[PDB]
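Chemist: need coordinates for the below:
(one chain, ligands or ions: 2)
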Amino acid sequence: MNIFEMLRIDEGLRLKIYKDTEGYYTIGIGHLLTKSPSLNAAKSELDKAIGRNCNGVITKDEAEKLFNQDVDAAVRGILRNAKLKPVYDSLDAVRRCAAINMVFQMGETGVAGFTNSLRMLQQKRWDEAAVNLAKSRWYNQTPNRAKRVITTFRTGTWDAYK
Ligand SMILES: CC(=O)OCc1ccccc1
Ligand SMILES: [Cl-]
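Modeler: Residues are numbered from 1 along each chain as shown. Ligands and ions are numbered 1, 2, ... in the order given. Take a look at the structure below.
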């Protein structure tokens, strides 16, 4: 297991524009296109991202390319964030994957309310952090995925993805 395999499991792979769990236009391995209700707006974002006129459909190679860019962007966003970087650098590699997973799903703003969870993770109070992480809109709206990520933080193993 690695972050790419983990997120590929959590996000799936679809080569035509679809709606994510929140109803937003998405493609590939969970690449958000837009929060606008306009399919044309989503198609424009797609063409801009791929560099050609796609009319809502991409290849597997293109999906994987976008996915690599998106994972890298999540990592670099963590490393540029004064709140997240110290916590990230305190973690082992398996738990760093759980961290990237959350940023990929919710972005830096989506994790802003997790200050207490972040402190517990930095303190390595894993069971306490797991309890706190579940007290969230995130867990309630995507509980199976959140449970996998939380188990990864709790145990430091890949057991939830095996
Ligand atoms: C904020 C959160 O709970 O997950 C994202 C994260 C976690 C630890 C370090 C960096 C980002
Ligand atoms: Cl879920």
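
Chemist: so how far is the helix or strand where residue 61 lies off the chain centroid?
Modeler: Take DSSP states H and E as the rule and residue 61 turns out to sit in helix 60-80. Chain-centre distance of helix 60-80: 10 Å, with Cα atoms, centre = their mean, to the nearest Å.

Chemist: and that helix, is it in reach of ligand 1?
Modeler: Yes - Helix 60-80 reaches ligand 1 (Cβ under 6 Å from any ligand atom) through residue 78. The way it works is simple: take the backbone N, C-alpha and C, and place the C-beta from them, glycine included.

Chemist: check what contacts that helix and list those residues.
Modeler: Residues outside helix 60-80 that contact it (Cβ atoms under 8 Å, 6 or more residues apart in numbering) are 3-4, 7-8, 13, 15, 27-31, 49-50, 58, 84-85, 88, 99-100, 103-104, 107-108.

Chemist: buried stuff in it?
Modeler: 62, 63, 64, 66, 67, 70, 71, 74, 75, 77, 78 (16 or more other Cβ atoms under 10 Å).

Chemist: nice, that's everything, thank you.
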